[PDB]
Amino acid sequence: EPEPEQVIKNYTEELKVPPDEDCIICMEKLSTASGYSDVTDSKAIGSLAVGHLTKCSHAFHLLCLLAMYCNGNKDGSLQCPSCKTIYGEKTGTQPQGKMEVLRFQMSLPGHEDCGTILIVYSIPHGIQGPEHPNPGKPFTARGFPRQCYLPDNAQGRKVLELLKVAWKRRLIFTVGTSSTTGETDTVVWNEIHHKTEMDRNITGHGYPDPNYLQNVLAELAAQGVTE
């Protein structure tokens, strides 16, 4: 993985003279100096260095870009803050654990045509790593194992494989704060809704749900997991 300054040099093409149009990262004119210049320090990147992104052609202070990148885990990918194009292979802060998958013949509410896939995520507590909020300090993992259900049809089996890619790229979980329990520095769901109940009366996260499959299949396209 290249260095943070080099990551921004890739997937970027410097602008000769920046327009009057604003940089949406620092809310300052691209013509002027980055608004994060006072707290961000590069080697090869100035404060009036500006390029637009390779494919999506959105322009920012390359220092802002760098300021952004650096606030996250530094996997060598970069996400356009305007249109969210992924540059490289986005990955994420998911702690070590296991993903088991099972199938059973019983159908789910709304999918009586087919069988059911059981996904079991088991993730132990540990010590936060460099990518996590407070490196070195412990993190908790609440509620594991967490059982998840997919209709065993064509889409459901597709989403299954896409979720195996998500796991590989440490995308399904993250260390952070729980919206449910308010507890901090802990393993929580990250951006990819999972059905944890067959019967949606129990918790609110179950079946039937017509559009779940369509929702998640785009919820992980938003993290760069596609065909």
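Counting begins at 1, following the sequence as shown.
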query: Stretch exceeding the other in mean C-alpha B-factor - 213 to 221, 7 to 15; finding: 7 to 15
query: Residue range whose averaged C-alpha B-factor is higher in the record, 185 to 193 or 36 to 44; finding: 36 to 44
query: Within-chain third of residue 29 by Cα B-factor, per the entry; finding: highest
query: Residue 109, C-alpha B-factor rank within chain (lowest, middle or highest third); finding: lowest
query: Position of residue 175 among the chain's modelled residues by C-alpha B-factor, lowest, middle or highest third; finding: lowest
query: Chain thirds of CA B-factor: placement of residue 156; finding: middle
query: Modelled-residue ranking by C-alpha temperature factor, third containing residue 96; finding: lowest
